[PDB]
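Below: the structure, in structure tokens.
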There are 2 protein chains.
Amino acid sequence: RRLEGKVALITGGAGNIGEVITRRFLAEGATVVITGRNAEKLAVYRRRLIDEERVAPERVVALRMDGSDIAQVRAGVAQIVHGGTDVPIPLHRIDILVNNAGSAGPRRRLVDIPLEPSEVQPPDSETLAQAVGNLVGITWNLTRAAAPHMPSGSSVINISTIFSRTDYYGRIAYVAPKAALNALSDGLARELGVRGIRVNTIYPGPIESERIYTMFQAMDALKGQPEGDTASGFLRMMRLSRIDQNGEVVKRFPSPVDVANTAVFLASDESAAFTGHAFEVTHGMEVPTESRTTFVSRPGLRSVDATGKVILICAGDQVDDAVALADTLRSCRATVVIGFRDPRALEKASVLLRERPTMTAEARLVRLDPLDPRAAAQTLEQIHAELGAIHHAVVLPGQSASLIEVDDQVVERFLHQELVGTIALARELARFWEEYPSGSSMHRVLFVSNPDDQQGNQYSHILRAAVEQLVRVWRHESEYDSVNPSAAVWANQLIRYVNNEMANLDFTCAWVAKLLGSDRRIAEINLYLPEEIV
Amino acid sequence: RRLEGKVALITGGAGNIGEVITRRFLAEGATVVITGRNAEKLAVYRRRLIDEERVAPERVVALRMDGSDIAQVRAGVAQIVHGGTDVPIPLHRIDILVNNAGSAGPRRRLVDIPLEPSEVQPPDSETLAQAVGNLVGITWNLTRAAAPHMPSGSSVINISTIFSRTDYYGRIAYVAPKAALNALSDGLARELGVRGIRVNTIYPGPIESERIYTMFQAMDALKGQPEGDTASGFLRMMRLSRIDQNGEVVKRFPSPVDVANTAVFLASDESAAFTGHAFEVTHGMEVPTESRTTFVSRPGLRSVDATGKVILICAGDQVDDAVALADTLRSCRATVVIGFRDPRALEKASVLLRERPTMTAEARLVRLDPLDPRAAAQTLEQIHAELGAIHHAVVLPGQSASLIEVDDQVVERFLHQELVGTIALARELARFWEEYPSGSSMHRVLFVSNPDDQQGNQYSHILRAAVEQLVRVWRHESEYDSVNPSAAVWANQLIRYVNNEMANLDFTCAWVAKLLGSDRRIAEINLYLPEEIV
Ligand SMILES: NC(=O)c1ccc[n+]([C@@H]2O[C@H](COP(=O)([O-])OP(=O)(O)OC[C@H]3O[C@@H](n4cnc5c(N)ncnc54)[C@H](OP(=O)(O)O)[C@@H]3O)[C@@H](O)[C@H]2O)c1
Ligand SMILES: NC(=O)c1ccc[n+]([C@@H]2O[C@H](COP(=O)([O-])OP(=O)(O)OC[C@H]3O[C@@H](n4cnc5c(N)ncnc54)[C@H](OP(=O)(O)O)[C@@H]3O)[C@@H](O)[C@H]2O)c1
């Protein structure tokens, strides 16, 4: 009835939740195309729907498709629209896109996340880069491929997870890409809204499923705590108690049909007024959408003394910004190293650097590319041998328009250089700090965004979301590990791009120096420049 | 089908949106009790449903009930459960409570809001206090009266408005009580969740209805701008374009059925996993849930010079806090007046006050009760005659557990003393400042919350929400009126209760002095103390 005559594409349609979304969509009259990597599991599920639930064979199509590969996505969407080998009847359009597919990523503490295929250890099957492609790359690929074939009034439904906004020890390779997906979905709602295509996000809590109990078992083991501790923490956070199988009003997990019923509402015309909207299937867990504060003053640097602190600035190609940060830190007497991903930027910075009395030497310049982990680890070791430690780090983006009408290689470079690259850098720093203990004084990390791009900062928003959840879990893992066998890491993220004034760089540099050279520590993760500094 | 055999109570069920909620609920198999103040309109609508839509008479019950009167609410709920004169068949329970009733309040700029019945001018029919009772009092009353008769799995659906979070010139008597309702709903979700009763809030945008066009017509007139300007601003804010009656993909208002369809989803078991959740029926208007920042430093007072600034502290009964604020402002050389609602507090403060070199006289003490507007206006005039002006004001709460199991008079005193009282005070200050121009220098107002109540601060959250939206619209009205015929008002709200440390009062006083005595102005409305000051 409610999805009568609509064409739905459900990725991961044979998974634990996907099976229930598929079933409910069929009961409501949709024609469903289910995708997955395991072609047999798709065929078996399709057969069960036909043979045991009296579903007409024309209404279910099984289509193998690795959604992390844009070539496969385009080929599969073409088949759906025009017919093909695996699609017997051309379906002409997609009315509902359920971006439900999502791997679990490698389950490891940040220090242990595998970056290269040879590092992947049995329980896991994915590098960091593969997890990114199977979590946010996949949703991005399907939406770009499908959007030309979705008429006005169509519905894009992205499945994220509430845990993209909570502590989630040992799952940074999962929750940081899912946080990126949240910001991608909000940018897509803005872009597709002009076409009448709505884009909404479901955030399931822990859902009764083999998946959640497998993951919670692994996370209890990663933390060295008893079975059931991860679940107990989230059960306590729920506000809504609910009838369980024995009729008792208790804390319990929501079920897959709860998620499926939300997807039906969003797929149907009953949700026609919603876009860019969150749906938290969590029994009322109180989880903020963002941890943020706004600077309301400029700090005085006269009191800031970083004598004897080694501070590594990790830059991509941002010569002038990196040099300005180094100048400010050096005026506070810090021992500064600047690392550059881009060798041309490194050369340009050497020239620039050659251009009250102070006994502070000029910054050392090194090559530091986190996408070459073995060279990065060696560079950090050489710095430790020469300077004795690395106390703090400043992390800039990896490189200095539309989210849909964009070349495939621009999307791939963004995912690789900014998401994988930034998380890989944090992995390399965390590992180095664990391997080279330097006492109990916290290591401080400041992520700093790019400046305003004059075009809405759509891609910077995605990096911001990923970095916030990287920071949240890194803070928790490092605190926990420092008590239960090592210094903890405190981290924040400075957001420059909401301010477009000439004083922006100077204001940012002053706060970086204040936050690294003084005792002040800020609880909020994201630290925004004000819109007007003066 | 989806509400088969459920008992729904819909307040305002014969209004513009209520009629459509009622109709959809009946189509989905519910038995519906509709309430309103106009008994005839209810009877006429019930007759139309029976005579023109083939609805069985047993399934619709018309019940006149002014939901702002708790006595009437209890009597009507008793009738619904046990049967009575207007309820022929006892219904035994309430499965769905739709708190949809809501007046429009007096439509006036803050300076013109009617406080007393004789001030109400034709277009309007309500004082400020009546509007509060018809907007948040009503929802509070019904939920408390109905909750004992709602079994586990039941659903409370509160209709607020997105405009409780946006600019809305000339509607403070409407949007500030609706903002209070938002925080009341979140506290109720927490309290009722242990019983398995979920509580969710719908935030409609502008909904195609006689109501919205009547209100937008009045708001265009209040601002002296052309017909259609208010609507044009909100149409621009929508992200989702949508098919209109002629098949064009354009900006348009959502319809009443959009709101009704959301209420059906929330009434049905398909939403069983949702509580404390917002549903924004707005075509994706980007509207934050809160304007806030967190203090990340303590300010230096040595540079703060308020010489020649008259600052009025408006206190209820908070002797020690008011005196501490006065001491701090006087050490910054301000000319201080303290007003007290409570005459006993005024006497206690006189005794306390009698208890580097400075030439700053002790604070003047006056009676200032905003619920006696004629005496308040005279007091402000006498201060102006004696001291020459009132530059800035600090506003404390009117008085120094559960939201359900609470005596009726505690609820009534909170609504009257804190909500009506605080808005009435701002009305009195705004009017005084308009009547006694003192140049173009902005008047600054700092609302300051109570300290931590050690019990979750449920009532303080409600006042916080109302004050934030009071501030938002007051800032906009006063800015607009200062350009289009007068000084603008800047206001903020300091939140003390998230911090429970001994340094709390001193830290708060320092920021009050800094924000009133220096040039710094903060864009965010709510200014939170950090959880840890040191
Ligand atoms: N408690 C929960 O289960 C829970 C809570 C919050 C969020 N979620 C989200 O819910 C969604 C569904 O997961 P689930 O609970 O059903 O777990 P699941 O059983 O592991 O399902 C994951 C699905 O994703 C598919 N998939 C992964 N990578 C893919 C790729 N590159 N191309 C195509 N398909 C791919 C898998 O297909 P193959 O098996 O063929 O690879 C599988 O069907 C995920 O996005 C997950 O993050 C789950
Ligand atoms: N564009 C929109 O219409 C819009 C947008 C956002 C939010 N909303 C919200 O939607 C809800 C429904 O309003 P509407 O659009 O249907 O406008 P409406 O036609 O004015 O409906 C308001 C209803 O509230 C009832 N009511 C008011 N005070 C009452 C009291 N003390 N006791 C009992 N009933 C009372 C009225 O009943 P009587 O007529 O008998 O007094 C009437 O049925 C309101 O809460 C409103 O704030 C509306």
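Every chain in the structure tokens takes a letter, A first, then B, and so on in the order presented; its residues are numbered from 1, and the ligands are numbered from 1 following the presented order.
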Practice problem: Throw together the list of residues within 6 Å of ligand 2, counting only C-alpha atoms and all ligand atoms, and drop it here as a PyMOL selection string. | Solution: chain B and resi 11-18+36-38+65-68+100-103+134+159-161+204-207+209+211-212
Selection above as a file: N, CA, C and O atoms, as a short mmCIF file (atom, residue, chain, number, x, y, z; two decimals), in the first residue's frame:
data_model
loop_
_atom_site.label_atom_id
_atom_site.label_comp_id
_atom_site.auth_asym_id
_atom_site.auth_seq_id
_atom_site.Cartn_x
_atom_site.Cartn_y
_atom_site.Cartn_z
N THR B 11 -6.21 17.61 21.45
CA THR B 11 -6.65 18.94 21.83
C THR B 11 -6.62 19.85 20.61
O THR B 11 -5.83 19.65 19.68
N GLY B 12 -7.52 20.82 20.59
CA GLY B 12 -7.66 21.67 19.42
C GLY B 12 -8.01 20.89 18.17
O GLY B 12 -7.59 21.26 17.07
N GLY B 13 -8.78 19.81 18.32
CA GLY B 13 -9.06 18.89 17.23
C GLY B 13 -9.92 19.43 16.10
O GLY B 13 -10.06 18.76 15.07
N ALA B 14 -10.53 20.60 16.27
CA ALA B 14 -11.32 21.21 15.21
C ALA B 14 -10.62 22.41 14.59
O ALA B 14 -11.22 23.10 13.75
N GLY B 15 -9.37 22.70 14.99
CA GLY B 15 -8.61 23.77 14.38
C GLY B 15 -8.11 23.40 13.00
O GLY B 15 -8.40 22.33 12.46
N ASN B 16 -7.32 24.32 12.41
CA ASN B 16 -6.88 24.15 11.02
C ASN B 16 -6.07 22.87 10.83
O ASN B 16 -6.27 22.14 9.85
N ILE B 17 -5.11 22.60 11.72
CA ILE B 17 -4.33 21.36 11.63
C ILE B 17 -5.02 20.23 12.39
O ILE B 17 -5.04 19.09 11.92
N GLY B 18 -5.62 20.54 13.54
CA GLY B 18 -6.29 19.52 14.32
C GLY B 18 -7.34 18.74 13.53
O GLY B 18 -7.49 17.53 13.71
N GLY B 36 -11.65 21.41 22.61
CA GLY B 36 -11.54 22.79 22.17
C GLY B 36 -12.32 23.63 23.15
O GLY B 36 -12.98 23.12 24.06
N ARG B 37 -12.20 24.95 22.98
CA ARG B 37 -12.99 25.86 23.81
C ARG B 37 -14.35 26.14 23.20
O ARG B 37 -15.33 26.33 23.93
N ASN B 38 -14.44 26.14 21.88
CA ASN B 38 -15.67 26.41 21.14
C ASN B 38 -16.44 25.11 20.98
O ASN B 38 -16.15 24.31 20.08
N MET B 65 -13.34 21.71 26.60
CA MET B 65 -12.36 21.69 27.67
C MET B 65 -11.34 22.79 27.44
O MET B 65 -10.61 22.75 26.44
N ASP B 66 -11.28 23.78 28.32
CA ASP B 66 -10.21 24.76 28.27
C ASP B 66 -8.99 24.14 28.94
O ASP B 66 -8.94 24.03 30.17
N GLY B 67 -8.03 23.70 28.14
CA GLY B 67 -6.86 23.01 28.66
C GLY B 67 -5.94 23.85 29.53
O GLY B 67 -5.05 23.29 30.18
N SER B 68 -6.11 25.18 29.55
CA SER B 68 -5.32 26.00 30.47
C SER B 68 -5.83 25.94 31.91
O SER B 68 -5.13 26.41 32.81
N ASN B 100 -2.01 19.35 20.78
CA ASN B 100 -2.01 20.15 19.57
C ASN B 100 -2.56 21.55 19.79
O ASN B 100 -2.19 22.47 19.05
N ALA B 101 -3.41 21.73 20.81
CA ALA B 101 -3.98 23.05 21.09
C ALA B 101 -2.89 24.08 21.32
O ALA B 101 -1.88 23.80 21.98
N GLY B 102 -3.09 25.28 20.78
CA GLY B 102 -2.15 26.37 20.97
C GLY B 102 -2.69 27.65 20.36
O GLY B 102 -2.91 27.73 19.14
N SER B 103 -2.89 28.66 21.21
CA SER B 103 -3.37 29.96 20.76
C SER B 103 -2.28 30.66 19.97
O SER B 103 -1.16 30.14 19.82
N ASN B 134 -2.27 29.08 27.50
CA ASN B 134 -2.79 28.50 26.27
C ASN B 134 -1.69 27.96 25.37
O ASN B 134 -1.98 27.57 24.23
N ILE B 159 2.82 19.43 19.87
CA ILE B 159 2.98 20.29 18.70
C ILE B 159 3.58 21.61 19.18
O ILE B 159 2.93 22.39 19.87
N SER B 160 4.84 21.85 18.81
CA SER B 160 5.45 23.14 19.04
C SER B 160 5.39 23.94 17.74
O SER B 160 4.34 24.01 17.09
N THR B 161 6.53 24.52 17.35
CA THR B 161 6.66 25.29 16.12
C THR B 161 8.13 25.56 15.90
O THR B 161 8.87 25.85 16.85
N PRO B 204 6.27 22.13 13.28
CA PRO B 204 5.85 22.53 11.93
C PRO B 204 6.53 23.84 11.54
O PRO B 204 6.74 24.72 12.37
N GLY B 205 6.89 23.93 10.26
CA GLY B 205 7.22 25.21 9.66
C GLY B 205 5.94 25.98 9.36
O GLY B 205 4.90 25.75 9.98
N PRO B 206 5.97 26.90 8.40
CA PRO B 206 4.72 27.54 7.97
C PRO B 206 3.86 26.51 7.24
O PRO B 206 4.30 25.92 6.25
N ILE B 207 2.64 26.29 7.73
CA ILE B 207 1.74 25.27 7.19
C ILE B 207 0.58 25.95 6.47
O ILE B 207 -0.10 26.81 7.06
N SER B 209 -2.57 27.16 5.71
CA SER B 209 -3.67 27.23 6.66
C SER B 209 -4.10 28.68 6.74
O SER B 209 -3.31 29.58 6.48
N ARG B 211 -4.54 30.04 9.45
CA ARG B 211 -3.79 30.57 10.58
C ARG B 211 -2.49 31.22 10.12
O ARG B 211 -2.22 32.37 10.48
N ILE B 212 -1.69 30.53 9.30
CA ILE B 212 -0.38 31.08 8.95
C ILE B 212 -0.53 32.36 8.14
O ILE B 212 0.23 33.32 8.34
#
Exercise. Counting only C-alpha atoms, collect the residues of chain A whose closest atom lies at most 6 Å from chain B, and write them out as a list in words.
Key: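 Within 6 Å of chain B on chain A, we get residues 190, 193, 194, 196, 239, 240, 241, 242, 261, 270, 273, 274, 275, 276, 281, 283, 284, 293 and 294 of chain A.
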Could those selected residues go to a file with N, CA, C and O atoms, as a JSON list (two decimals), in the first residue's frame?
[["chain", "number", "residue", "atom", "x", "y", "z"],
["A", 190, "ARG", "N", 21.20, 19.56, 0.89],
["A", 190, "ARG", "CA", 21.20, 20.92, 0.36],
["A", 190, "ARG", "C", 21.25, 20.90, -1.16],
["A", 190, "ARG", "O", 20.48, 21.58, -1.84],
["A", 193, "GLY", "N", 18.03, 19.06, -2.80],
["A", 193, "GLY", "CA", 16.74, 19.65, -2.49],
["A", 193, "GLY", "C", 16.18, 20.48, -3.63],
["A", 193, "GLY", "O", 14.96, 20.51, -3.83],
["A", 194, "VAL", "N", 17.05, 21.14, -4.40],
["A", 194, "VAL", "CA", 16.57, 21.94, -5.52],
["A", 194, "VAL", "C", 15.90, 21.07, -6.58],
["A", 194, "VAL", "O", 15.06, 21.55, -7.34],
["A", 196, "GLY", "N", 13.99, 18.51, -5.70],
["A", 196, "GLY", "CA", 12.90, 17.81, -5.05],
["A", 196, "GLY", "C", 13.24, 16.44, -4.52],
["A", 196, "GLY", "O", 12.33, 15.66, -4.20],
["A", 239, "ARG", "N", 16.64, 6.55, 27.61],
["A", 239, "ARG", "CA", 15.58, 7.12, 28.44],
["A", 239, "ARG", "C", 14.29, 6.32, 28.39],
["A", 239, "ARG", "O", 13.51, 6.34, 29.36],
["A", 240, "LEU", "N", 14.02, 5.63, 27.29],
["A", 240, "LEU", "CA", 12.76, 4.93, 27.10],
["A", 240, "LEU", "C", 12.93, 3.48, 27.49],
["A", 240, "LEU", "O", 13.71, 2.75, 26.86],
["A", 241, "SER", "N", 12.24, 3.06, 28.54],
["A", 241, "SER", "CA", 12.08, 1.65, 28.84],
["A", 241, "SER", "C", 10.93, 1.09, 28.01],
["A", 241, "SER", "O", 10.06, 1.83, 27.55],
["A", 242, "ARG", "N", 10.96, -0.22, 27.79],
["A", 242, "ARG", "CA", 10.07, -0.77, 26.77],
["A", 242, "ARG", "C", 9.80, -2.25, 27.04],
["A", 242, "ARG", "O", 10.65, -2.96, 27.58],
["A", 261, "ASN", "N", 10.80, 0.19, 9.94],
["A", 261, "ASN", "CA", 9.60, 1.02, 9.98],
["A", 261, "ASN", "C", 9.92, 2.50, 9.80],
["A", 261, "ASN", "O", 9.12, 3.26, 9.23],
["A", 270, "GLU", "N", 4.44, 10.05, 3.07],
["A", 270, "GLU", "CA", 4.09, 10.65, 4.35],
["A", 270, "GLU", "C", 5.21, 11.51, 4.93],
["A", 270, "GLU", "O", 4.95, 12.30, 5.84],
["A", 273, "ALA", "N", 7.75, 16.22, 3.57],
["A", 273, "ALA", "CA", 8.20, 17.52, 4.06],
["A", 273, "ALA", "C", 9.57, 17.49, 4.75],
["A", 273, "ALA", "O", 10.03, 18.54, 5.20],
["A", 274, "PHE", "N", 10.22, 16.32, 4.85],
["A", 274, "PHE", "CA", 11.48, 16.17, 5.59],
["A", 274, "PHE", "C", 12.68, 16.09, 4.64],
["A", 274, "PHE", "O", 12.72, 15.23, 3.75],
["A", 275, "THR", "N", 13.68, 16.95, 4.88],
["A", 275, "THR", "CA", 15.00, 16.70, 4.32],
["A", 275, "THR", "C", 16.07, 17.19, 5.29],
["A", 275, "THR", "O", 15.81, 18.03, 6.15],
["A", 276, "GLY", "N", 17.26, 16.63, 5.14],
["A", 276, "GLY", "CA", 18.37, 16.96, 6.03],
["A", 276, "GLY", "C", 18.11, 16.64, 7.48],
["A", 276, "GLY", "O", 18.64, 17.31, 8.36],
["A", 281, "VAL", "N", 17.00, 6.12, 16.26],
["A", 281, "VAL", "CA", 16.26, 4.92, 16.69],
["A", 281, "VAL", "C", 17.05, 4.35, 17.86],
["A", 281, "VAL", "O", 17.77, 3.35, 17.76],
["A", 283, "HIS", "N", 15.83, 4.68, 21.57],
["A", 283, "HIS", "CA", 15.15, 4.74, 22.87],
["A", 283, "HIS", "C", 15.56, 5.99, 23.65],
["A", 283, "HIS", "O", 15.70, 5.96, 24.87],
["A", 284, "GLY", "N", 15.76, 7.09, 22.93],
["A", 284, "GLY", "CA", 16.01, 8.37, 23.58],
["A", 284, "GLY", "C", 17.37, 8.53, 24.24],
["A", 284, "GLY", "O", 17.47, 9.24, 25.25],
["A", 293, "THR", "N", 32.36, 24.97, 20.95],
["A", 293, "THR", "CA", 32.31, 26.27, 21.62],
["A", 293, "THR", "C", 32.89, 27.29, 20.65],
["A", 293, "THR", "O", 33.51, 26.95, 19.64],
["A", 294, "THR", "N", 32.65, 28.57, 20.94],
["A", 294, "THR", "CA", 33.10, 29.67, 20.10],
["A", 294, "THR", "C", 34.06, 30.55, 20.89],
["A", 294, "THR", "O", 33.76, 30.93, 22.02]]
Practice problem: Check the DSSP output for the backbone and give back, as an NGL selection string, the residues of segment 410-463 of chain A in helix (DSSP H, G or I). | Solution: :A and (410-435 or 458-463)
Output file for the residues above (C-alpha atoms, as a PDB file, in the first residue's frame):
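To be explicit, this is the file written out as result31.pdb:
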ATOM      1  CA  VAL A 410      38.176  14.373  -7.021  1.00  0.00           C
ATOM      2  CA  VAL A 411      36.007  12.283  -4.677  1.00  0.00           C
ATOM      3  CA  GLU A 412      38.655   9.550  -4.458  1.00  0.00           C
ATOM      4  CA  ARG A 413      41.462  12.023  -3.740  1.00  0.00           C
ATOM      5  CA  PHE A 414      39.406  13.690  -1.001  1.00  0.00           C
ATOM      6  CA  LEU A 415      38.620  10.361   0.687  1.00  0.00           C
ATOM      7  CA  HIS A 416      42.232   9.178   0.450  1.00  0.00           C
ATOM      8  CA  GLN A 417      44.157  12.389   1.181  1.00  0.00           C
ATOM      9  CA  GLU A 418      41.862  13.950   3.799  1.00  0.00           C
ATOM     10  CA  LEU A 419      39.950  11.166   5.571  1.00  0.00           C
ATOM     11  CA  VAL A 420      42.375   8.240   5.364  1.00  0.00           C
ATOM     12  CA  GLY A 421      45.347  10.619   5.495  1.00  0.00           C
ATOM     13  CA  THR A 422      44.247  12.460   8.646  1.00  0.00           C
ATOM     14  CA  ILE A 423      43.260   9.307  10.527  1.00  0.00           C
ATOM     15  CA  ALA A 424      46.503   7.607   9.440  1.00  0.00           C
ATOM     16  CA  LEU A 425      48.490  10.562  10.788  1.00  0.00           C
ATOM     17  CA  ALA A 426      46.757  10.301  14.168  1.00  0.00           C
ATOM     18  CA  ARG A 427      47.470   6.566  14.154  1.00  0.00           C
ATOM     19  CA  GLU A 428      51.149   7.275  13.492  1.00  0.00           C
ATOM     20  CA  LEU A 429      51.377   9.908  16.246  1.00  0.00           C
ATOM     21  CA  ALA A 430      49.482   7.790  18.770  1.00  0.00           C
ATOM     22  CA  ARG A 431      51.704   4.784  18.044  1.00  0.00           C
ATOM     23  CA  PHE A 432      54.892   6.856  18.272  1.00  0.00           C
ATOM     24  CA  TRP A 433      53.831   8.332  21.624  1.00  0.00           C
ATOM     25  CA  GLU A 434      53.031   4.864  23.002  1.00  0.00           C
ATOM     26  CA  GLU A 435      56.377   3.450  21.819  1.00  0.00           C
ATOM     27  CA  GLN A 458      31.021  21.527   1.875  1.00  0.00           C
ATOM     28  CA  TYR A 459      34.115  19.335   1.839  1.00  0.00           C
ATOM     29  CA  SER A 460      35.609  20.969   4.942  1.00  0.00           C
ATOM     30  CA  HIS A 461      32.361  20.123   6.791  1.00  0.00           C
ATOM     31  CA  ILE A 462      32.945  16.447   6.013  1.00  0.00           C
ATOM     32  CA  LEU A 463      36.515  16.529   7.320  1.00  0.00           C
TER      33      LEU A 463
END
Exercise. Quick one: everything within 10 Å of residue 401 of chain A, counting only C-alpha atoms, minus sequence neighbours fewer than 2 positions away in the same chain. Send it as an NGL selection string.
Key: :A and (403-406 or 453-459)
Self-check item: Those of segment 42-96 of chain A in DSSP strand (DSSP E or B), formatted as a PyMOL selection string
Solution: chain A and resi 60-64+96
Quiz item: Near residue 26 of chain A, counting only C-alpha atoms, which residues have an atom at most 12 Å away, once you skip same-chain residues fewer than 4 positions from it, shown as an MDAnalysis selection string?
Solution: chainID A and resid 1:10 13 19:22 30:34 46 49:50 53:61 260 264
Selection file, C-alpha atoms, as an mmCIF file, in the first residue's frame:
data_model
loop_
_atom_site.group_PDB
_atom_site.id
_atom_site.type_symbol
_atom_site.label_atom_id
_atom_site.label_comp_id
_atom_site.auth_asym_id
_atom_site.auth_seq_id
_atom_site.Cartn_x
_atom_site.Cartn_y
_atom_site.Cartn_z
ATOM 1 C CA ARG A 1 0.000 0.000 0.000
ATOM 2 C CA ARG A 2 2.271 2.811 1.216
ATOM 3 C CA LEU A 3 5.109 2.164 -1.269
ATOM 4 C CA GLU A 4 2.804 0.991 -4.063
ATOM 5 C CA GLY A 5 4.573 1.080 -7.415
ATOM 6 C CA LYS A 6 7.841 2.566 -6.141
ATOM 7 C CA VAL A 7 11.291 1.295 -7.138
ATOM 8 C CA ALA A 8 13.624 0.903 -4.130
ATOM 9 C CA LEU A 9 17.360 0.203 -4.265
ATOM 10 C CA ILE A 10 18.561 -1.260 -0.941
ATOM 11 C CA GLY A 13 19.758 -5.811 1.489
ATOM 12 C CA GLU A 19 16.762 -8.181 5.285
ATOM 13 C CA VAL A 20 14.082 -6.570 7.451
ATOM 14 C CA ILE A 21 14.054 -3.340 5.426
ATOM 15 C CA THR A 22 13.671 -5.383 2.236
ATOM 16 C CA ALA A 30 7.616 -1.683 -3.517
ATOM 17 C CA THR A 31 9.706 -3.317 -6.197
ATOM 18 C CA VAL A 32 13.071 -3.902 -4.489
ATOM 19 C CA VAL A 33 16.583 -4.238 -5.911
ATOM 20 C CA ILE A 34 18.930 -5.636 -3.237
ATOM 21 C CA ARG A 46 15.625 -13.673 -2.732
ATOM 22 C CA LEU A 49 11.260 -14.307 -0.045
ATOM 23 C CA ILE A 50 9.689 -15.948 -3.099
ATOM 24 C CA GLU A 53 6.781 -15.470 1.836
ATOM 25 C CA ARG A 54 4.783 -15.618 -1.445
ATOM 26 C CA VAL A 55 6.538 -12.649 -3.067
ATOM 27 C CA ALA A 56 6.255 -12.348 -6.839
ATOM 28 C CA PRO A 57 9.649 -12.888 -8.534
ATOM 29 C CA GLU A 58 9.287 -9.733 -10.657
ATOM 30 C CA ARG A 59 9.265 -7.593 -7.487
ATOM 31 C CA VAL A 60 12.697 -8.654 -6.114
ATOM 32 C CA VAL A 61 15.956 -8.359 -8.053
ATOM 33 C CA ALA A 260 12.778 -0.778 8.875
ATOM 34 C CA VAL A 264 9.241 2.904 5.323
#
Self-check item: Contact residues around residue 315 of chain A with only C-alpha atoms at 6 Å, ignoring same-chain residues under 2 positions, as a ChimeraX atom specification
Solution: /A:339-340,396
Quiz item: Of the candidates B:375, B:353, B:498, B:533, which one gets nearest to residue 320 of chain B if we count only C-alpha atoms?
Solution: B:353
Quiz item: Could you pull the residues within 12 Å of residue 218 of chain A, counting only C-alpha atoms, minus those fewer than 6 positions along the same chain, as JSON, numbers by chain?
Solution: {"A": [104, 106, 107, 108, 109, 123, 124, 168, 169, 170, 171, 211, 212, 224, 225, 226, 227, 228, 229, 230, 231]}
Practice problem: Please identify all polymer residues within 9 Å of residue 127 of chain B, counting only C-alpha atoms, omitting same-chain residues fewer than 4 positions from it, and present them as a list in words. | Solution: residues 105, 106, 113, 114, 115, 116, 117, 119, 120, 131, 132 and 173 of chain B
Quiz prompt | From A:256, A:29, A:76, A:148, residue lying nearest ligand 1 [only C-alpha atoms and all ligand atoms] | solution = A:256
Quiz item: So how many Å separate atom CA of residue 487 of chain A and atom CA of residue 237 of chain A, to one decimal?
Solution: 29.0 Å
Quiz item: For the atom pair atom CA of residue 368 of chain A and atom CA of residue 316 of chain A, what is the interatomic distance in Å to one decimal place?
Solution: 8.6 Å
Self-check item: Separation of atom 27 (C, counted along the ligand's line) of ligand 1 from atom CA of residue 138 of chain A in Å
Solution: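 Answer for the atom CA of residue 138 of chain A to atom 27 (C, counted along the ligand's line) of ligand 1 separation: 8.5 Å.
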